[PDB]
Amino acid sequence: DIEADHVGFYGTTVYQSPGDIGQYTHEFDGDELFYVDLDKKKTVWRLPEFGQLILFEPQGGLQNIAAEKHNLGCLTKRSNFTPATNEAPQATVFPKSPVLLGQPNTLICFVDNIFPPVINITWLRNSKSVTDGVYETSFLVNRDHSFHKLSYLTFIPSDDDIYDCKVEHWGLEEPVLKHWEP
């Protein structure tokens, strides 16, 4: 809606009740700069080289989480406890680079239309769950105030390997699995 050369998302805070689920992130031009690990009280830059140059004290993340704790209570009471409606996420599996057998690659599961930001994104290798080699981004904000999350599986392409990205969300009657094969 607002046209500009560059857009920076600073102070982005999400809080949920019940359960004390919170998130704090920064973005530039649609890419996550960093998130603040609320449990460890540490800033975690998506590109560590950026954090070697730029300081963000994690206090800013904690403060905005705490203030959003207060704000959620005010708005929940004012809205007569109108609950959030669980949307159905959509998923897409694609490789980071063209797939060559034997050369390491990364499977990217792009899941959009996530609300509320609670999701289980898991990978299946030969229909069995894969634990190691998995990384996912923070909940990234959308203009319609839903979220999107990306999960990465680092793998070695092989003849006898088929992969599935399984998504579990409250707004899905059954878990959705998106298949990918070489």
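Sequential numbering from 1, following the sequence displayed.
Of 15-23 and 157-165, the one with larger mean CA B-factor: The recorded data point to 157-165.
Per the entry, higher mean C-alpha B factor between 171-179 and 3-11: So the stretch with the higher mean C-alpha B-factor is 171-179.
Deposited CA B-factor, highest of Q63, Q52, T43, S127: Most elevated C-alpha B-factor of the set, per the entry: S127.
Top residue by Cα temperature factor, when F139, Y152, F34, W123 are compared in the entry: In this record, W123 carries the highest C-alpha B-factor of the candidates.
Among modelled residues of the same chain, the CA temperature factor third for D132: Within its chain, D132 is a highest-third residue by C-alpha B-factor, going by the deposited values.
Third of chain Cα B-factors occupied by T76: Middle third, going by the recorded CA B-factors of the chain.
Cα B factor band for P117 (lowest, middle or highest third within the chain): Within its chain, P117 is a middle-third residue by C-alpha B-factor, going by the deposited values.
CA B-factor placement of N105, once the chain's modelled residues are sorted into thirds: Ranked within chain, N105 CA B lands in the lowest tercile.
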